[PDB]
């Protein structure tokens, strides 16, 4: 979905804004994430230890699944007439089920609200569910905030 401007996004407040394609969680992404953030916990990056652990194989970092929101939402929609978009923050986020490396995830989002901040800048509150393929329990249910400048 392409919004023609921030006014059109604002006028869509409340609406579903789509569903991503499936994306596959790869070990190299998990490893990059660990390198970027300094979280090399064995459950994410040590296949031998992880295989003996309670998850059976390596799992994604919850903070990475959350950080996939921009990528996934990009597949659902875009907003024209915007110079930049910046993460304003999160309200409630939960990670009900782990995401095994090798599994596929997909997201669906709706616009909770869009606040006019003046001069063509708007702040959108978005609700997302990230599902894991083959499983009823979500990988993530999150409310996020994005400022379109």
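Positions refer to the first chain, counted from 1.
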Quick one: higher average CA temperature factor, 17-25 or 137-145? 17-25
Segment of higher mean CA temperature factor, 126-134 or 6-14: 6-14
In the PDB entry, which of 120, 70, 113, 96 has its C-alpha at the highest B-factor? 120
Just the C-alpha B-factor column, please: which of 107, 43, 82, 30 has the biggest number? 82
Using only modelled residues of the chain, where does the Cα B factor of residue 89 rank: lowest third, middle third or highest third? lowest
Lowest, middle or highest third of the chain for the C-alpha temperature factor of residue 51? highest
Is the Cα B-factor recorded for residue 57 in the lowest, middle or highest third of its chain? highest
